[PDB]
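Structure file data04.txt (compact mmCIF, C-alpha atoms) follows.
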```txt
# COMPACT_ATOMS: atom_id res chain seq x y z
CA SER S 1 116.79 89.37 96.26
CA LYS S 2 115.67 90.51 92.83
CA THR S 3 112.19 91.11 94.30
CA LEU S 4 113.59 93.41 97.02
CA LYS S 5 115.52 95.25 94.27
CA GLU S 6 112.42 95.81 92.18
CA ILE S 7 110.34 96.90 95.26
CA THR S 8 113.17 99.34 96.08
CA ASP S 9 113.09 100.64 92.52
CA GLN S 10 109.86 102.46 93.45
CA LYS S 11 112.18 104.61 95.51
CA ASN S 12 115.21 104.68 93.25
CA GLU S 13 113.92 104.75 89.71
CA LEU S 14 110.41 106.15 89.80
CA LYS S 15 111.34 109.77 89.14
CA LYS S 16 113.39 108.79 86.15
CA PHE S 17 110.61 106.65 84.77
CA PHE S 18 108.11 109.43 85.47
CA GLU S 19 110.20 112.07 83.71
CA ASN S 20 111.33 110.06 80.78
CA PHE S 21 108.19 108.15 79.92
CA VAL S 22 105.13 109.53 81.79
CA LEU S 23 105.73 113.24 81.17
CA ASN S 24 106.16 112.53 77.45
CA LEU S 25 103.00 110.48 77.08
CA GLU S 26 100.79 113.26 75.72
CA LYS S 27 103.07 113.85 72.69
CA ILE S 28 94.01 106.70 72.84
CA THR S 29 84.62 105.78 73.86
CA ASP S 30 81.29 105.44 75.54
CA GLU S 31 82.31 102.40 77.62
CA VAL S 32 85.89 101.43 78.41
CA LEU S 33 86.90 97.99 79.59
CA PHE S 34 90.02 97.08 81.65
CA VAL S 35 90.82 93.37 81.34
CA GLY S 36 93.57 91.33 83.00
CA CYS S 37 94.60 88.47 85.35
CA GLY S 38 95.91 88.37 88.93
CA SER S 39 97.89 91.53 89.78
CA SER S 40 96.98 92.82 86.31
CA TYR S 41 93.30 92.38 87.08
CA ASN S 42 93.87 94.27 90.30
CA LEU S 43 95.60 96.97 88.28
CA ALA S 44 92.63 97.00 85.79
CA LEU S 45 90.18 97.34 88.68
CA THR S 46 92.13 100.21 90.27
CA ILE S 47 92.43 102.21 87.07
CA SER S 48 88.78 101.51 86.04
CA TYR S 49 87.61 103.42 89.17
CA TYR S 50 89.93 106.33 88.38
CA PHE S 51 88.95 106.57 84.71
CA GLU S 52 85.27 106.67 85.56
CA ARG S 53 86.05 109.25 88.27
CA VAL S 54 88.06 111.66 86.14
CA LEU S 55 86.66 111.10 82.65
CA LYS S 56 83.05 110.44 83.66
CA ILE S 57 82.68 107.48 81.31
CA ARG S 58 81.26 104.05 82.05
CA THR S 59 84.06 101.50 82.89
CA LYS S 60 84.17 97.78 83.68
CA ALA S 61 87.16 95.77 85.04
CA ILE S 62 86.88 92.06 84.07
CA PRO S 63 89.11 89.07 84.83
CA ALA S 64 90.40 88.02 81.40
CA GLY S 65 89.19 84.44 81.69
CA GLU S 66 85.56 85.65 81.79
CA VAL S 67 86.06 87.51 78.52
CA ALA S 68 88.13 84.74 76.91
CA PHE S 69 85.39 82.19 77.51
CA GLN S 70 82.58 84.69 76.78
CA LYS S 71 80.98 84.28 80.17
CA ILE S 72 80.54 88.02 80.69
CA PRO S 73 77.11 89.63 80.37
CA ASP S 74 77.04 90.93 76.70
CA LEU S 75 79.08 94.05 75.80
CA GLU S 76 77.97 97.32 74.28
CA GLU S 77 77.95 97.45 70.49
CA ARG S 78 81.44 98.99 70.35
CA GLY S 79 84.07 100.24 72.74
CA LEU S 80 87.70 100.45 73.80
CA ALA S 81 89.44 97.77 75.93
CA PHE S 82 92.72 98.00 77.80
CA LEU S 83 94.24 94.46 77.99
CA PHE S 84 96.98 93.90 80.64
CA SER S 85 99.64 91.17 80.62
CA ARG S 86 103.10 92.06 81.93
CA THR S 87 104.86 89.28 79.93
CA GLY S 88 102.37 89.84 77.11
CA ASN S 89 101.87 86.11 76.58
CA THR S 90 99.14 85.32 79.17
CA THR S 91 96.84 82.92 77.33
CA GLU S 92 93.60 84.24 78.81
CA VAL S 93 94.52 87.83 77.85
CA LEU S 94 95.32 86.82 74.29
CA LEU S 95 92.06 84.90 74.03
CA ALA S 96 90.23 87.92 75.44
CA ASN S 97 91.96 90.18 72.92
CA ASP S 98 90.73 87.99 70.10
CA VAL S 99 87.15 87.82 71.42
CA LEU S 100 87.04 91.63 71.93
CA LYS S 101 88.45 92.35 68.50
CA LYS S 102 85.87 90.08 66.92
CA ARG S 103 83.20 92.00 68.85
CA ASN S 104 84.11 95.43 67.45
CA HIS S 105 86.14 96.57 70.43
CA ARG S 106 89.52 98.21 69.70
CA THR S 107 92.22 96.86 72.03
CA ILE S 108 95.10 98.53 73.77
CA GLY S 109 97.91 96.17 74.70
CA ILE S 110 99.55 97.04 77.99
CA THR S 111 102.71 94.96 78.51
CA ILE S 112 106.41 95.41 79.34
CA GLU S 113 107.49 93.02 76.53
CA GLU S 114 107.74 94.54 73.04
CA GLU S 115 108.06 91.22 71.24
CA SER S 116 105.13 89.56 73.04
CA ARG S 117 102.00 88.30 71.38
CA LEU S 118 99.97 91.10 73.12
CA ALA S 119 102.36 93.71 71.70
CA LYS S 120 101.91 92.18 68.28
CA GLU S 121 98.16 91.24 68.41
CA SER S 122 96.51 94.18 70.12
CA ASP S 123 95.25 97.04 67.97
CA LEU S 124 97.27 99.67 69.87
CA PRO S 125 100.23 98.29 71.77
CA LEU S 126 101.58 100.32 74.66
CA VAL S 127 104.83 98.80 75.77
CA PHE S 128 106.17 100.14 79.08
CA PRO S 129 109.91 100.69 79.41
CA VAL S 130 110.03 98.91 82.74
CA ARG S 131 112.35 96.02 83.60
CA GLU S 132 110.75 93.73 86.05
CA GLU S 133 112.07 90.14 86.41
CA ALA S 134 110.69 88.73 89.56
CA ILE S 135 107.73 86.35 89.66
CA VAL S 136 105.79 88.78 91.85
CA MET S 137 104.74 92.07 90.31
CA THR S 138 105.91 95.03 92.33
CA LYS S 139 107.06 98.22 90.59
CA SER S 140 105.25 97.41 87.34
CA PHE S 141 101.87 97.73 89.08
CA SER S 142 102.76 101.19 90.46
CA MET S 143 104.40 102.44 87.34
CA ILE S 144 101.71 101.33 84.92
CA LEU S 145 99.03 102.67 87.36
CA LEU S 146 100.83 106.02 87.60
CA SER S 147 101.05 106.20 83.84
CA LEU S 148 97.38 105.48 83.15
CA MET S 149 96.13 107.79 85.98
CA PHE S 150 98.30 110.57 84.51
CA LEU S 151 97.05 109.80 81.00
CA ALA S 152 93.40 109.96 82.11
CA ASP S 153 93.86 113.36 83.69
CA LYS S 154 95.68 114.66 80.59
CA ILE S 155 92.80 113.51 78.41
CA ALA S 156 90.30 115.18 80.75
CA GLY S 157 92.24 118.43 80.77
CA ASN S 158 92.91 118.13 84.55
CA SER S 159 96.06 119.42 86.20
CA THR S 160 98.70 116.75 86.65
CA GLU S 161 101.02 118.76 88.81
CA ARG S 162 100.36 116.70 91.94
CA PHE S 163 101.79 113.54 90.33
CA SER S 164 105.28 115.24 90.31
CA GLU S 165 104.87 115.94 93.96
CA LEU S 166 103.83 112.36 94.79
CA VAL S 167 106.61 110.89 92.68
CA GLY S 168 109.08 113.17 94.48
CA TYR S 169 107.76 111.91 97.79
CA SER S 170 108.28 108.20 97.02
CA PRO S 171 111.78 107.80 98.56
CA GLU S 172 110.75 109.22 101.93
CA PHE S 173 107.43 107.32 101.71
CA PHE S 174 109.37 104.12 101.13
CA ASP S 175 111.82 104.72 103.98
CA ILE S 176 109.05 105.58 106.45
CA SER S 177 107.15 102.47 105.31
CA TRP S 178 110.18 100.23 105.76
CA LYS S 179 110.91 101.51 109.24
CA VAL S 180 107.32 101.54 110.47
CA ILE S 181 106.76 97.94 109.29
CA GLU S 182 110.08 96.80 110.80
CA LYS S 183 108.53 97.58 114.26
CA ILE S 184 105.67 95.14 113.82
CA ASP S 185 106.15 91.83 115.62
CA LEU S 186 105.66 89.85 112.40
CA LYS S 187 106.16 86.35 113.78
CA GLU S 188 103.08 87.05 115.89
CA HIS S 189 100.75 87.99 112.99
CA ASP S 190 99.49 85.44 110.51
CA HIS S 191 96.23 87.01 109.25
CA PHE S 192 96.56 90.15 107.10
CA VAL S 193 93.52 92.32 106.22
CA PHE S 194 93.74 95.22 103.69
CA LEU S 195 90.98 97.83 103.83
CA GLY S 196 90.28 100.68 101.42
CA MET S 197 87.49 102.21 99.34
CA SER S 198 87.12 102.55 95.57
CA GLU S 199 90.59 102.93 94.01
CA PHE S 200 92.02 102.06 97.49
CA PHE S 201 90.03 98.79 97.50
CA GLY S 202 91.88 97.89 94.27
CA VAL S 203 95.13 98.84 96.08
CA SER S 204 93.92 96.59 98.95
CA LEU S 205 93.24 93.62 96.65
CA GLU S 206 96.70 93.97 95.15
CA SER S 207 98.16 94.32 98.70
CA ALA S 208 96.63 91.01 99.79
CA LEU S 209 97.95 89.27 96.72
CA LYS S 210 101.51 90.47 97.38
CA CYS S 211 101.45 89.01 100.87
CA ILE S 212 99.90 85.81 99.67
CA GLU S 213 102.45 85.28 96.98
CA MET S 214 105.56 86.57 98.75
CA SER S 215 105.07 85.32 102.24
CA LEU S 216 102.38 82.66 102.14
CA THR S 217 100.19 84.46 104.64
CA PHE S 218 96.42 84.24 104.45
CA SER S 219 95.45 87.77 103.39
CA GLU S 220 92.20 89.36 102.32
CA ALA S 221 90.82 92.70 101.19
CA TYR S 222 87.52 94.55 101.75
CA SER S 223 86.01 97.98 101.14
CA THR S 224 86.71 99.71 104.49
CA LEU S 225 83.40 99.77 106.32
CA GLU S 226 82.41 96.37 104.84
CA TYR S 227 84.75 94.78 107.31
CA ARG S 228 82.20 95.08 110.12
CA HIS S 229 79.58 93.18 108.20
CA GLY S 230 80.82 89.77 108.95
CA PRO S 231 84.51 89.54 108.10
CA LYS S 232 85.63 90.87 111.50
CA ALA S 233 84.36 87.67 113.10
CA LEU S 234 87.87 86.31 112.36
CA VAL S 235 89.68 89.00 114.26
CA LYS S 236 91.96 87.96 117.12
CA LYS S 237 95.49 88.66 118.32
CA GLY S 238 97.53 87.89 115.26
CA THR S 239 95.34 89.83 112.83
CA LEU S 240 97.19 92.74 111.17
CA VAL S 241 95.07 95.39 109.38
CA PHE S 242 96.47 97.93 106.85
CA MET S 243 93.87 100.60 106.36
CA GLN S 244 94.09 103.04 103.40
CA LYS S 245 92.84 106.40 104.70
CA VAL S 246 90.72 108.56 102.31
CA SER S 247 89.91 112.30 102.36
CA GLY S 248 87.41 113.32 104.97
CA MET S 249 86.95 109.97 106.78
CA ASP S 250 89.37 110.24 109.60
CA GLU S 251 86.52 110.00 112.12
CA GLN S 252 85.07 106.81 110.71
CA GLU S 253 88.55 105.33 110.24
CA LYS S 254 89.67 106.05 113.75
CA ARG S 255 86.43 104.61 115.16
CA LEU S 256 86.95 101.38 113.16
CA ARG S 257 90.62 101.19 114.19
CA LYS S 258 89.72 101.41 117.91
CA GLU S 259 87.02 98.77 117.41
CA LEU S 260 89.34 96.29 115.68
CA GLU S 261 92.05 97.01 118.27
CA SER S 262 89.64 96.13 121.07
CA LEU S 263 89.12 92.76 119.39
CA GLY S 264 92.82 92.04 119.26
CA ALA S 265 94.02 93.32 115.92
CA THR S 266 97.13 95.37 115.26
CA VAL S 267 96.04 98.27 112.98
CA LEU S 268 98.25 100.35 110.75
CA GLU S 269 96.93 103.36 108.83
CA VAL S 270 98.40 104.44 105.51
CA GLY S 271 97.71 108.10 104.73
CA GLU S 272 97.96 111.55 106.34
CA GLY S 273 96.98 111.39 109.96
CA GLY S 274 98.05 107.75 110.07
CA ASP S 275 101.15 105.65 110.70
CA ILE S 276 102.63 106.05 107.22
CA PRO S 277 101.78 109.53 105.86
CA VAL S 278 100.93 110.04 102.22
CA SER S 279 98.21 112.13 100.50
CA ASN S 280 94.67 110.83 101.06
CA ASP S 281 93.67 111.94 97.59
CA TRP S 282 93.00 109.25 94.95
CA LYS S 283 96.13 110.15 92.98
CA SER S 284 98.29 108.52 95.70
CA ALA S 285 96.94 105.10 94.55
CA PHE S 286 100.10 104.44 92.52
CA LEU S 287 102.24 104.47 95.69
CA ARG S 288 99.85 102.74 98.08
CA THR S 289 100.72 99.09 97.47
CA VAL S 290 104.33 99.81 98.55
CA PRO S 291 103.64 99.29 102.27
CA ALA S 292 102.06 95.85 101.54
CA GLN S 293 104.95 94.83 99.21
CA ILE S 294 107.33 95.67 102.10
CA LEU S 295 105.10 93.79 104.56
CA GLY S 296 105.14 90.80 102.22
CA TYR S 297 108.91 90.90 101.88
CA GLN S 298 109.64 91.33 105.57
CA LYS S 299 107.10 88.66 106.50
CA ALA S 300 108.68 86.17 104.14
CA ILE S 301 112.11 86.79 105.71
CA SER S 302 110.43 86.37 109.06
CA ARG S 303 109.13 82.92 108.06
CA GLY S 304 112.50 82.11 106.55
CA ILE S 305 111.18 81.68 103.04
CA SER S 306 112.22 83.34 99.82
CA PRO S 307 109.78 85.86 98.38
CA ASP S 308 111.42 85.33 94.98
CA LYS S 309 110.32 81.61 94.88
CA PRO S 310 106.63 81.47 95.62
CA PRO S 311 105.46 77.81 95.45
CA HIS S 312 103.72 76.81 92.16
CA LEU S 313 103.78 80.21 90.40
CA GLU S 314 104.86 80.99 86.83
CA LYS S 315 105.56 84.41 85.27
CA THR S 316 103.44 83.62 82.22
CA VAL S 317 100.25 81.65 82.97
CA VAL S 318 99.48 79.51 79.87
CA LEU S 319 96.46 77.23 79.37
```

Go ahead and express the file in the form of structure tokens.
Amino acid sequence: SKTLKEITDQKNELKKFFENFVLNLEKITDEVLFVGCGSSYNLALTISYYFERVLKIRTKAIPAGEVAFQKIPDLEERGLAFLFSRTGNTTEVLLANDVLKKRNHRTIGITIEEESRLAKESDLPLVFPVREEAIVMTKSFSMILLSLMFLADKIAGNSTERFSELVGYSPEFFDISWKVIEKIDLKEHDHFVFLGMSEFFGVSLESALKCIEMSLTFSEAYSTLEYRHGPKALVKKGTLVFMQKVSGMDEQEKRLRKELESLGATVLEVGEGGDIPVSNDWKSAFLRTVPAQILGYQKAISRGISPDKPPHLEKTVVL
């Protein structure tokens, strides 16, 4: 499977990508927008939290269709907008780019295709040297996220040394993830729930989408503690929860885990002190959709369907 290959590339090629492209990136206002569709909107949401966190600037993540059709509450008088479209030809993103440019916003074109309309129509194209072929986005989410988190810290003057450590940890992280998820009785779980706060909520939204697209399993995401306020009514044997642990909340997380378990759910924690260890600091966001991509893949195999052929999907969505 090409999809399995590209998921696995987060283990095999990440360091190379990090060292050849990310580490060379430093040699890009008041309000900064992050605009995109589907996985790219999830990516925009995740980085918007981090940018506001490390640069202390106002950010907004907006689905591109809302910008394209000017349904968003009015913008500031000027600003900077990061536009995301992996293929670079997503109609809504190109329409958004035009609307933003006509509204005095300078646009940055994030895409992996150098000859795409976004590469050619954005004010500041930023083409990523990443080869990703499959319908479902996998490694491109992590690699673009890693790059923009690293870039934000460099602009802020923050230390980026921990990104080398997390990148170095990706192979072991991947192998632990694969083996831990292999032990789940997949055929018996058909309701996936992804929980996480702030940047980890964005990771959770992206996680649900991977399982929806790859495996056709009803999946949903919530900010961690929000899950008690209604959503848990659906819990029963068959519900699988992937919880993204965050610094300092082990007590609340363990309490929620035991509660969901008593209602029938299978709960898996991602983070130190959980089932799949990884730093609980926000910087680990670029690795945290890996467990859900592996869940999606394994679950599809389990159902006997191909994660490389999701029904009805197209790489470039064109209106």

Given the choices S:254, S:237, S:283, S:245, which gets closest to residue 187 of chain S if the distance is worked out from only C-alpha atoms? S:237

Could you list as a ChimeraX atom specification every residue that has an atom within 12 Å of (85.8, 100.1, 116.5), using the file's coordinates and counting only C-alpha atoms? /S:225,227-228,232,235,251-265,267

Using only C-alpha atoms, which residues of segment 78-192 of chain S come within 9 Å of segment 16-22 of chain S, and what is the closest atom pair for each, with the distance in Å to one decimal? Give it as CSV, sorted by chain and residue number.
```
residue,atom,partner,partner_atom,distance
S:128,CA,S:21,CA,8.3
S:129,CA,S:21,CA,7.7
S:130,CA,S:17,CA,8.0
S:143,CA,S:17,CA,7.9
S:146,CA,S:22,CA,8.0
S:147,CA,S:22,CA,5.7
S:148,CA,S:22,CA,8.8
S:150,CA,S:22,CA,7.4
S:151,CA,S:22,CA,8.1
S:163,CA,S:18,CA,9.0
S:164,CA,S:18,CA,8.1
S:167,CA,S:18,CA,7.5
```

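Rounded to one decimal, atom CA of residue 88 of chain S and atom CA of residue 12 of chain S lie 25.4 Å from each other.
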
For a quick check of understanding, using all atoms listed in the file, which of S:294, S:319, S:214, S:7 has the smallest distance to residue 89 of chain S? S:319

Using Å and a single decimal, report how far atom CA of residue 97 of chain S sits from atom CA of residue 117 of chain S. 10.3 Å

Would you list the contacts of residue 268 of chain S as a list in words, taking every protein, DNA or RNA residue within 7 Å and counting only C-alpha atoms, but skipping same-chain residues closer than 5 positions in sequence? residues 241, 242, 243 and 275 of chain S

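Across the structure, atom CA of residue 210 of chain S and atom CA of residue 41 of chain S are spaced 13.3 Å apart.
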
Might you pull out every residue within 8 Å of segment 24-40 of chain S, with all atoms listed in the file counted and same-chain residues fewer than 5 positions away left off, and present them as number ranges by chain? S: 19, 45, 47-48, 57-65, 76, 79-86, 92-93, 137, 141, 151, 154, 206, 209

Which residue gives the smallest distance to residue 273 of chain S among S:134, S:233, S:249, S:54, with only C-alpha atoms counted? S:249

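The nearest approach to residue 70 of chain S among the residues S:182, S:98, S:269, S:226, with all atoms listed in the file taken into account, belongs to S:98.
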
Which polymer residues, protein or nucleic acid, are no farther than 8 Å from (105.1, 94.2, 76.8), counting only C-alpha atoms, as a PyMOL selection string? chain S and resi 85-88+109-116+118-119+126-128

Let me have the centre and edge lengths of the axis-aligned box enclosing all listed atoms of segment 35-44 of chain S with 6 Å padding on every side, in Å to one decimal, as AutoDock Vina command-line options.
```
--center_x 94.4 --center_y 92.7 --center_z 85.8 --size_x 19.1 --size_y 20.6 --size_z 21.0
```

Using all atoms listed in the file, which of the listed residues (S:247, S:122, S:280, S:219) sits closest to residue 296 of chain S? S:219

Contacts of residue 290 of chain S at 12 Å (only C-alpha atoms; same-chain gap of 3+ positions) as a PyMOL selection string: chain S and resi 4+6-11+137-143+170-178+181+203-204+206-208+210-211+242+244+270+276+278+284-287+293-297

Taking the block just given, write segment 283-295 of chain S to a file that holds N, CA and C atoms, as a short mmCIF file (atom, residue, chain, number, x, y, z; two decimals), in the first residue's frame.
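Just written: out_17.cif:
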```
data_model
loop_
_atom_site.label_atom_id
_atom_site.label_comp_id
_atom_site.auth_asym_id
_atom_site.auth_seq_id
_atom_site.Cartn_x
_atom_site.Cartn_y
_atom_site.Cartn_z
N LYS S 283 5.07 20.71 21.56
CA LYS S 283 5.93 20.44 20.40
C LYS S 283 5.72 19.03 19.83
N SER S 284 5.24 18.08 20.63
CA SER S 284 5.05 16.72 20.10
C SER S 284 3.85 16.65 19.11
N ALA S 285 3.13 17.74 18.93
CA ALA S 285 1.95 17.74 18.05
C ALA S 285 2.24 17.16 16.68
N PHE S 286 3.44 17.42 16.13
CA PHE S 286 3.74 16.94 14.79
C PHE S 286 3.89 15.40 14.66
N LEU S 287 3.99 14.70 15.79
CA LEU S 287 4.04 13.25 15.75
C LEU S 287 2.70 12.63 16.19
N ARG S 288 1.84 13.41 16.85
CA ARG S 288 0.69 12.78 17.47
C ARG S 288 -0.48 12.27 16.65
N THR S 289 -0.45 12.50 15.35
CA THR S 289 -1.52 11.87 14.52
C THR S 289 -1.04 10.48 14.03
N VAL S 290 0.21 10.15 14.26
CA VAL S 290 0.71 8.84 13.81
C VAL S 290 -0.09 7.66 14.40
N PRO S 291 -0.35 7.65 15.69
CA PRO S 291 -1.13 6.54 16.23
C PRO S 291 -2.49 6.38 15.48
N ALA S 292 -3.19 7.50 15.25
CA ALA S 292 -4.49 7.40 14.56
C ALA S 292 -4.35 6.98 13.09
N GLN S 293 -3.26 7.37 12.42
CA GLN S 293 -3.05 6.92 11.02
C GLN S 293 -2.85 5.39 11.03
N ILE S 294 -2.13 4.88 12.03
CA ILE S 294 -1.90 3.44 12.16
C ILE S 294 -3.22 2.74 12.53
N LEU S 295 -4.01 3.35 13.39
CA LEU S 295 -5.30 2.78 13.75
C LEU S 295 -6.14 2.71 12.47
#
```
